[PDB]
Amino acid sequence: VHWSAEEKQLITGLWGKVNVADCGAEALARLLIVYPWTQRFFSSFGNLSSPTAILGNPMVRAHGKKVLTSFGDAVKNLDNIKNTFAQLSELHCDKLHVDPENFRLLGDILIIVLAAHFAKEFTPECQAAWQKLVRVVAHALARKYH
């Protein structure tokens, strides 16, 4: 992929103001609540019975944080995303057997979470810079297929 200069600036800037823990937790909690079938891959997390339980589950918060920290790694090597996520592609695909359409859903939720944490600072051009990021990361993960 080709990363325009503004895009990098837009991606990097915003990223530095991101609360990895609160956002990661919220993004993953929403995934599970809005698209319930995703709960299937997290049985080892314990109680996900109600949304209030998913919201409080210590491991959801704990995992959400790791997921967003992972995006950070992509934000540090925009030109090297394919490799940064090679091992994760094996885990999601070969180990867990997640369908790539779900990688797309999480990225879309992340975008909505970011939008709610930055308000107007999240300009249309910014949204577009992030959609793109969210996309390439999703392909980078679904590499280990076709």
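One-based numbering along the sequence shown.
Asks: For the stretches 49-57 and 66-74, which has the higher mean C-alpha B-factor as given in the deposited record?
Replies: It is 49-57 that shows the higher mean C-alpha B-factor.
Asks: On mean Cα temperature factor in this entry, is 121-129 or 134-142 the higher one?
Replies: Here the higher of the two C-alpha B-factor means belongs to 134-142.
Asks: Sorting by Cα B-factor within the chain, modelled residues only, which third would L32 end up in: lowest, middle or highest?
Replies: Its C-alpha B-factor belongs to the lowest third of this chain's values.
Asks: Quick check on the deposited entry: does the C-alpha B-factor of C93 sit in the lowest, middle or highest third of its chain?
Replies: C93: CA B-factor falls in the highest third of its chain.
Asks: Report the third (lowest, middle or highest) to which the CA temperature factor of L110 belongs, ranking only the modelled residues of the same chain.
Replies: It falls in the middle third of the chain.
Asks: Sorting by Cα B-factor within the chain, modelled residues only, which third would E26 end up in: lowest, middle or highest?
Replies: Answer is lowest: the recorded C-alpha B-factor places it there.
Asks: Should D79 be placed in the lowest, middle or highest third of its chain by the C-alpha B factor in the entry?
Replies: It falls in the top third of the chain.
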